[PDB]
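Written below as structure tokens is the structure these notes are about.
All Cβ positions, even for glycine, are placed from backbone atoms using ideal geometry, and neighbour counts span all protein chains on display. What is reported rests on the model, the rules as stated and the sources as named; no laboratory instrument gave them.
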Amino acid sequence: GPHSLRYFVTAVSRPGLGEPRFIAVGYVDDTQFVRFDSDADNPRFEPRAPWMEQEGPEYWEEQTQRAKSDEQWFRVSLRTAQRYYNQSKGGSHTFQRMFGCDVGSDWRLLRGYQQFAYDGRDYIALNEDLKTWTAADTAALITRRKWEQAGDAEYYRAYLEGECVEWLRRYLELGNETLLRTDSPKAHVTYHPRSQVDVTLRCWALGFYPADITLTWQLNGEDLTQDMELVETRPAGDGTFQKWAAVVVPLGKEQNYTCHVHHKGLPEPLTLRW
Amino acid sequence: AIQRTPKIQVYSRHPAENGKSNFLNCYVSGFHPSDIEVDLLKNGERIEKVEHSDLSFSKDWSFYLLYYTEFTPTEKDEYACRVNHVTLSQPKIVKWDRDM
Amino acid sequence: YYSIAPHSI
């Protein structure tokens with residue numbers, strides 16, 4: 001450990017075009033393994049990792065019906081949200097769920113998640129105590145009151161401590177050949193002429209897993225995270241990730257700049273120059 | 001109600017070598033809402049055999065997608081990604097640069 | 001394992 005299981009569920013209303021779009025994807029750490037797509041030829045819960053193709057048909061059947069139930073939940077919640085905020089019925093809107101659990105060195109629950117969002121903003125979320133809710137606006141206070149009265153926090157907590165955590169261990173055993181790996185980043189600094197006065201130093205990080213990494217430029221101990229360009233971490237497409245950070249430095253002073261890479265696969269953080 | 005402009009990255013899966021097969025990637029991330037147009041271009045023409053990941057999002061709820069296609073790079077073939085989104089006044093073309 | 005949302009908003 002530690003490890004994490006996450007589902008990212010999206011519904012997008014399409015008035016005048018048909019029923020809402022609905023898609024759910026499941027991730028173990030930074031590895032996707034399942035999906036449900038309402039716009040596919042045959043909408044059904046299906047594997048997206050090779051180590052999931054050995055599950056019986058009753059796994060996919062039960063997961064599909066749960067996904068079909070949630071799709072109806074999103075259709076209702078989208079209409080209710082439209083009403084809560086007194087919005088026009090002709091606009092497209094988004095509702096998102098994000099739920100899962102974190103397990104650790106000994107493979108038991110660190111933290112459970114039940115997060116909900118409307119049009120890309122926090123709506124309501126289950127607190128870490130797995131008992132109380134945090135509502136983002138007064139419309140979500142209505143939701144929170146209703147879910148508090150019904151005791152849905154106990155329903156979610158039972159899932160987080162039971163199904164979420166026990167199935168995460170099962171996934172971690174099915175894909176133990178690939179999921180438990182730790183690929184250290186291969187890092188180096190490149191040189192790119194820019195002007196007659198300065199030059200670009202680009203620090204690369206390649207082929208690392210998991211995706212979490214820190215790239216930092218410093219000038220003689222002092223730090224440069226204000227002045228640098230830092231792209232988002234991106235997937236290579238083969239199961240590893242990439243990232244780079246660049247800085248504009250004056251000609252002749254490249255050796256005064258150092259790039260630092262922090263990663264779970266790095267025993268000691270790397271410090272690089274050109 | 002809120003809008004997030006996509007960040008676009010065009011790059012290859014492996015370091016580009018002329019003559020050996022590779023994968024061309026166009027990674028769009030941090031955008032909202034989810035409707036987006038992404039196309040990979042070879043010499044300005046839309047590539048047909050393009051795959052894309054399933055729609056997912058980050059901790060801040062912003063969406064991300066990866067479009068990818070198999071290609072064998074040459075010295076003269078120009079490649080690019082064309083992205084259109086409600087936050088962009090016109091489609092944004094990002095050319096493939098072997099150093100980015 | 002997918003988690004049911006018991007009640008809508």
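For first residues located in segment A:121-142 and within 14 Å of chain B (Cβ to nearest Cβ) and more than 15 Å from A:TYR159 (Cα to Cα), partners that are of a type in the set (S, T, N, Q) and outside any strand (DSSP E or B) and lie 6+ apart or on another chain with Cβ distances below 6 Å form the pairs A:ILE124/A:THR143.
Restricting attention to segment A:24-40, the residues that are polar (S, T, N, Q) and touching a residue at least 24 places away in the same chain (Cβ under 8 Å) total 2.
Restricted to segment B:1-11, and to residues there that are in a loop (DSSP other than H, G, I, E, B) and facing another protein chain (nearest Cβ under 7 Å), the residue that is farthest from A:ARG234 (Cα to Cα) is B:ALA1. Between A:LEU206, A:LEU172, the distinction of being more than 14 Å from A:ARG273 (Cα to Cα), assigned by CATH to the domain that holds A:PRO267 and either free of Cβ contacts under 8 Å to residues at least 40 places away in the same chain or hydrophobic (A, V, I, L, M, F, W, C) (or both) belongs to A:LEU206 only.
Yes/no per residue for (1) more than 13 Å from chain A (Cβ to nearest Cβ); (2) acidic (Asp, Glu); (3) surrounded by 14 or more Cβ atoms within 10 Å (Cβ to Cβ):
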{"site": "B:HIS14", "(1), (2), (3)": "no, no, yes"}
{"site": "B:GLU17", "(1), (2), (3)": "yes, yes, no"}
{"site": "B:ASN22", "(1), (2), (3)": "no, no, yes"}
{"site": "B:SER29", "(1), (2), (3)": "no, no, yes"}
{"site": "B:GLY44", "(1), (2), (3)": "yes, no, no"}
{"site": "B:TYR68", "(1), (2), (3)": "no, no, yes"}
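Of the strands (runs of 3 or more DSSP E) that lie entirely inside segment A:182-260, those containing 2 or more residues that are farther than 30 Å from A:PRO2 by Cα, more than 14 Å from every other protein chain (Cβ to nearest Cβ) and not basic (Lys, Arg) span A:214-219, A:241-250. Within segment B:1-45, the set of residues being within 26 Å of A:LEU206 (Cα to Cα) and of a type in the set (A, V, I, L, M, F, W, C) comprises B:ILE8, B:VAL10, B:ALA16, B:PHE23, B:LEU24, B:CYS26, B:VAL28, B:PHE31, B:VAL38, B:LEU40, B:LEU41.
If the condition is being buried (at least 16 other Cβ atoms within 10 Å of the Cβ) and either closer than 17 Å to C:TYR2 by Cβ or charged (D, E, K, R) (or both), then segment A:174-185 contributes A:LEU174, A:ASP183. With respect to the conditions (1) loosely packed, with under 15 Cβ neighbours inside 10 Å; (2) not in a strand (DSSP E or B); (3) not small (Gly, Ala, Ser), A:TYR171 lacks only one, and its number is (1).
Determine, yes or no, whether B:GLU37 is in contact with a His (Cβ under 9 Å, 6 or more places away or on another chain) and loosely packed, with under 12 Cβ neighbours inside 10 Å. So B:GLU37 passes the test. Here is the figure for segment A:81-120: residues that are away from chain B (no Cβ under 14 Å) and farther than 23 Å from A:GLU154 by Cα total 5.
Write out, first by first residue and then by second, each pair whose Cβ atoms fall under 8 Å of each other, whose residues are 6+ apart or on separate chains, and whose first residue, in segment A:84-99, is in contact (Cβ under 8 Å) with a residue 12 or more places away in the chain and in the same structural domain as A:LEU160 (by CATH) while the second is of a type in the set (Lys, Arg) and in a strand (DSSP E or B). Cβ pairs passing all conditions: A:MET98/A:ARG6; A:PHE99/A:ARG6.
For B:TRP61, the conditions (1) touching a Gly at 6+ places or on another chain (Cβ under 8 Å); (2) among the aromatic types (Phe, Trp, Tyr); (3) more than 10 Å from chain A (Cβ to nearest Cβ) are fulfilled apart from (3).
As for segment A:115-125, it holds no residue that is touching a helix residue (DSSP H, G or I) at 6+ places or on another chain (Cβ under 9 Å) and of a type in the set (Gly, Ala, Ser).
What about A:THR216, is it out of contact with any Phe, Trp or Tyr (no Cβ under 9 Å at 6 or more places or on another chain), of a type in the set (S, T, N, Q), surrounded by 17 or more Cβ atoms within 10 Å (Cβ to Cβ) and in contact (Cβ under 8 Å) with a residue 12 or more places away in the chain? Considered against the rule, which asks whether it is out of contact with any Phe, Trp or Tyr (no Cβ under 9 Å at 6 or more places or on another chain), of a type in the set (S, T, N, Q), surrounded by 17 or more Cβ atoms within 10 Å (Cβ to Cβ) and in contact (Cβ under 8 Å) with a residue 12 or more places away in the chain, A:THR216 comes out as yes.
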